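Structure first, then comments.
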Amino acid sequence: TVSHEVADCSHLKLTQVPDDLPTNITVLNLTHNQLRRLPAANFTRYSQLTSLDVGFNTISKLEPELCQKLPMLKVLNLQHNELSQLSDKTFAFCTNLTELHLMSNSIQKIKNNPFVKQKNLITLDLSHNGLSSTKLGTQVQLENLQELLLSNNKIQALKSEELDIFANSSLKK
RNA sequence: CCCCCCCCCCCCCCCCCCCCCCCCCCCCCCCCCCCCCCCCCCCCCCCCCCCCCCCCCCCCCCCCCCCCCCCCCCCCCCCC
Ligand SMILES: *[C@@H]1O[C@H](CO)[C@@H](O[C@@H]2O[C@H](CO)[C@@H](O)[C@H](O)[C@H]2NC(C)=O)[C@H](O)[C@H]1NC(C)=O
Ligand SMILES: *[C@@H]1O[C@H](CO)[C@@H](O)[C@H](O)[C@H]1NC(C)=O
């Protein structure tokens, strides 16, 4: 796992997050591994991560406290996992996120408000899920959102109310 | 009891590209052989023509000699 300013762990057969890395590491790439979970305790040492690419692993669920240990996290990639369920507290503490990638997670539906808390989010990706609607919330949030990816889902119609949460959003894509 | 999503490794097949290796064809150059045409040099051959030399033949010319025939002239002697 060679790392001078960015840490990469691609195809390293890793099952748990390594605990021997420089403290000032800002980028942690853990793609194509066997990470079952991402406990917050394993990320206590890393308090300066900006981008955490954990996609192409076997994560089934996360914990909100993980975002507590990463106050400066900007890019969070959860591509190709099985996080089929989300909660309103899942992304509450991740208030400085810019990119949130959730492609190919077999998510079936969005319940109440998983993205209300974050306000600086720029792009939200939800492609290759089982979503049958564009409903992502109830109130108006995602003020600064510019890109919304909803490709390869089960959406069959577009309704005005389902998009009402983007009243103050200038969707560039 | 039953699905789906990731990881490594092993493959199979179809394309692309790069390697050596070889084949066939072609090009460039050189060499060799053969054929055709042409030039140059030297030694000759045959024929024709011109000239020259030697020898010979025939004819003719000039001169000379010999013989024959013919003519003229001189001496001398007889006959009637
Ligand atoms: C973390 O590393 C992975 C693997 O290198 C990156 O994912 C993809 O890697 C493949 C193979 O090198 C590339 O062909 C893709 O282009 C990469 N994806 C993208 C979106 O470029 C992954 O991007 C890395 N993550 C970060 C945050 O750098
Ligand atoms: C955000 O949306 C609300 C409700 O529509 C509106 O009152 C408010 O003016 C919007 N904000 C901006 C900056 O336009």
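Values below: all heavy atoms of this structure, side chains included; hydrogens, waters and symmetry mates excluded. Below, chain A is the first sequence line, B the second, and so on; all start at residue 1.
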Worksheet, complete the sentence: Residue set satisfying side-chain contact (heavy atoms from CB on, under 4.5 Å) with A/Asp19, at least two apart, ordered chain then number -> A/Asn42
Residues 66-77 of chain A, side-chain donor-acceptor partners within the protein, below 3.5 Å, at least two apart:
from    : atom 1 : to      : atom 2 : distance (Å)
A/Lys74 : NZ     : A/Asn96 : O      : 2.8
A/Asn77 : OD1    : A/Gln79 : N      : 3.0

Discussion item. So, using side-chain hydrogen bond (donor to acceptor under 3.5 Å, both in side chains) as the criterion, who are the partners of A/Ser127 when residues are at least two apart?
Written reply: A/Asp125
Using a 3.5 Å cut-off and no angle test, enumerate the donor-acceptor pairs between side-chain atoms of residues 131-142 of chain A and protein atoms at least two apart in sequence or in another chain.
from     : atom 1 : to       : atom 2 : distance (Å)
A/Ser133 : OG     : A/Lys135 : N      : 3.3
A/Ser133 : OG     : A/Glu162 : OE1    : 3.2
A/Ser133 : OG     : A/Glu162 : OE2    : 3.1
A/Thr134 : OG1    : A/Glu162 : OE1    : 2.9
A/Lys135 : NZ     : A/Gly137 : O      : 3.1

Worksheet entry | Any residue of residues 53-60 of chain A with a heavy atom less than 4.0 Å from an atom of RNA chain B | A/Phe56, A/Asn57, A/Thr58
Discussion item. At a heavy-atom distance below 4.0 Å, which nucleotide of RNA chain B is the first touched by chain A, and which is the last?
Written reply: B/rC6 to B/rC8
Show me the donor-acceptor pairs within less than 3.5 Å that the side chains of residues 48-56 of chain A make with the rest of the protein, sequence neighbours left out.
from    : atom 1 : to      : atom 2 : distance (Å)
A/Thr50 : OG1    : A/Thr26 : O      : 2.9
A/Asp53 : OD1    : A/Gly55 : N      : 3.4

Worksheet, complete the sentence: The side-chain hydrogen bond (donor to acceptor under 3.5 Å, both in side chains) partners of A/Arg45 (sequence neighbours excluded) come to A/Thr23
Item to complete: Output all residues satisfying side-chain hydrogen bond (donor to acceptor under 3.5 Å, both in side chains) with A/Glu65, sequence neighbours left out; order by chain, then residue number.
Response: none
